[PDB]
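Submitted below is the structure of interest, expressed as structure tokens.
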Amino acid sequence: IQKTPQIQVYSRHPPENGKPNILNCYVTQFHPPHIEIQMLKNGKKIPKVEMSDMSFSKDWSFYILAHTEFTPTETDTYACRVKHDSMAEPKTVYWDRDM
Amino acid sequence: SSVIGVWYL
Amino acid sequence: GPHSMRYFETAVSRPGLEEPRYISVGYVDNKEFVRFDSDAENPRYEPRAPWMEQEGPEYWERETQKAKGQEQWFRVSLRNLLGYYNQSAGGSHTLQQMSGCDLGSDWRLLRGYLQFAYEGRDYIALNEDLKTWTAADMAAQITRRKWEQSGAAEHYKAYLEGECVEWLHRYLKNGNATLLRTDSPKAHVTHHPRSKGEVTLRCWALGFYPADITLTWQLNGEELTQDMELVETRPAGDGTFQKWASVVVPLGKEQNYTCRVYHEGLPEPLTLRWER
């Protein structure tokens, strides 16, 4: 009745510590369309996160792009936390600068 | 130009 | 070359007295060009590609009025389905629809599409003959019988062979330059520690458009598909796409591997290898 979201967390531009960038959290293959997606800095919810508008693919599943301004550093950690009804527990994906 | 529904499901 | 147009519609009912939310998105060659959303302050179809600004007020007004009708059609259809499936009120339900046409190389209709899904699963679809229906379960056979009796397929056939084609042609002329544009990928390779004497070489393709692209890693010039790690193509968020492919290479023997990137914007496929 529902599909389990696939998640990718990555920067819009190649990362350089100290340089303003944009962090993306691309979530696809989910259904129903209601979903909660949070972006985290050091365990804390980031206030200003933009969400693209509702879209779905030819297999009927929905996808959305959440993104936020961020400045990668040596020590801060960033992650995306997704909770959807097809998942018993929220899934948290950390940003890896190499991916 | 979008299509419209007439008869319902 | 071939082209297409599609309208993806969604209606979601929600717990409470609150009416369903209706969203309609139009695409030309898989590129969003118009959108309507009943949750908006002033709900109406809005351009989503610069070249649609060429259309006048009567266009937006007519499309907006069609959307208002659709929002009611979906409410009625959602209520009908609750009964077909024996569902009570106070639940969350989704009805979706994809409609549109595909043009061949001669720019003539190649195939018409008209399909629905309920709760994310196929419900009913118009067959390629644009005359008969394929119902996915017992509830949909109800709609199928109802539509064969009403002759609904004729209505959709008229749209798919007429209006859909006519307007797709107009949109291709209006957004000609824009729609066939290509942004070549910018590529580079990064080197990663990985394990014992083995490193990871990762080939990045960034800033490209359209999303279609192919990345390949080669061993001394010979293809190498087997243990290649790929990532699904992803939006950078500025309208361009990204993608990477990596392989674990024995330390030292880096310069022996080459990555080849193929994309329609490129004058020749890109060829590169570990640098630095």
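Order of the sequence lines sets the chain letters (A, B, ...), proteins ahead of strands, with each chain counted from 1. Just so you know, these numbers use all the heavy atoms, side chains as well, and skip hydrogens, waters and symmetry mates.
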Residues two or more places apart in sequence or in another chain: which of them pass side-chain contact (heavy atoms from CB on, under 4.5 Å) with C/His192?
->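 Residues passing side-chain contact (heavy atoms from CB on, under 4.5 Å) with C/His192: A/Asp98, C/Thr190, C/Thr200, C/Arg202.
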With only heavy atoms counted, which part of C/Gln242 is less than 4.5 Å from chain A, the side chain, the backbone, both or neither?
->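 Interface part for C/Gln242: side chain.
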C/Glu229 portion near chain A, given a 4.5 angstrom heavy-atom threshold =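 Looking at C/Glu229, nothing touches chain A.
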Test item: C/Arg6 side-chain N/O and C/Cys101 main-chain N/O as donor-acceptor pair under 3.5 Å |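 Flag set: sc C/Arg6 to bb C/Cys101 pair under 3.5 Å.
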Using a heavy-atom distance cut-off of less than 4.5 Å, which residues of residues 11-20 of chain C contact chain A?
->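 Answer by number: C/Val12.
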Closest-packed option against chain A by number of heavy-atom pairs under 4.5 Å, given C/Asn30, C/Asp122, C/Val25, C/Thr240 =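 Of the options given, most contacts go to C/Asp122.
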Is it true that atom OH of C/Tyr85 has more than 12 heavy atoms of other residues, nucleotides or ligands lying nearer than 6.0 Å?
->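 Yes.
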Among C/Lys68, C/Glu9, C/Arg75, find the one that has a side-chain contact (heavy atoms from CB on, under 4.5 Å) with C/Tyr22.
->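 Output: one option passes, namely C/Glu9.
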Pairs meeting criterion disulfide bond (SG atoms under 2.5 Å apart) with involvement of residues 66-99 of chain A, two or more places apart =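 Found A/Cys25-A/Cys80.
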Sort A/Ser52 into side chain, backbone, both or neither according to what part of it lies under 4.5 angstrom from a heavy atom of chain C.
->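 Neither part.
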So which part of C/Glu32 gets closer than 4.5 Å to some heavy atom of chain A, the side chain, the backbone, both or neither?
->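 Side chain of C/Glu32 only, per the 4.5 Å heavy-atom cut-off to chain A.
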Checking heavy atoms, do the side chain of C/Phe116, its backbone, both or neither come under 4.5 Å from chain A?
->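 Looking at C/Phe116, just its backbone touches chain A.
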For chain A, find its close neighbours in residues 33-44 of chain C: heavy-atom separation under 4.5 Å, sorted by number, or none.
->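 Listed by number: C/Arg35.
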Short side-chain to backbone donor-acceptor contact, A/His84 and A/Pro32, under 3.5 Å |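 Yes: the side chain of A/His84 pairs with the backbone of A/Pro32.
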Any idea which of A/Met99, A/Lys58, A/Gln6 has the most non-hydrogen atom pairs under 4.5 angstrom with chain C?
->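 Winner by heavy-atom pair count: A/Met99.
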Does A/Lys44 offer a backbone N or O that forms a donor-acceptor pair with the side chain of A/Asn42 under 3.5 Å?
->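 Side chain of A/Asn42 to backbone of A/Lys44, a donor-acceptor pair under 3.5 Å: no, none is there.
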Counting only heavy atoms closer than 4.5 Å, note whether A/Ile22 contacts chain C via side chain, backbone, both or neither.
->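 Neither part, no heavy atoms under 4.5 Å.
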Side chain, backbone, both or neither: which part of A/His67 has a non-hydrogen atom closer than 4.5 Å to chain C?
->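 For A/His67, neither part sits under 4.5 Å from chain C.
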Residues, nucleotides or ligands: over 12 heavy atoms within 6.0 Å of A/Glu69 CD |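 Result for CD/A/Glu69: open.
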If you tally heavy-atom pairs under 4.5 Å against chain C, which of A/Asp59, A/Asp53, A/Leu65 wins?
->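 Sorted descending by pairs with chain C, the first entry is A/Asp53.
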Region of A/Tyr26 that comes under 4.5 Å of a non-hydrogen atom in chain C |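 The side chain, not the backbone.
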Side-chain donor/acceptor of C/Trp217 to backbone N/O of C/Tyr257, under 3.5 Å =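 It does not hold such a pair.
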Near A/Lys19 NZ, under 6.0 Å, is it more than 12 heavy atoms from other residues, nucleotides or ligands?
->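 Incorrect, the count does not exceed 12.
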How many angstroms lie between CG in C/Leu230 and OG in C/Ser246, if you round to the nearest 0.5 Å?
->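 Output value for this atom pair is 8.0 Å.
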So, the side chain of C/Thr64 versus the backbone of C/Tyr45: is there a donor-acceptor pair under 3.5 Å, distance only?
->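 Yes: the side chain of C/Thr64 pairs with the backbone of C/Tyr45.
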Determine yes or no for a side-chain-to-main-chain donor-acceptor pair under 3.5 angstrom, with A/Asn24 supplying the side chain and A/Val9 the backbone.
->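 Checked: no pair found.
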Do A/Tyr10 and C/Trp204 have their ring centres less than 6.0 Å from each other?
->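 Centroid distance A/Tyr10-C/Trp204: not below 6.0 Å, so no.
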More than 12 heavy atoms of other groups within 6.0 Å of A/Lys3 NZ =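 More than 12 within 6.0 Å, yes.
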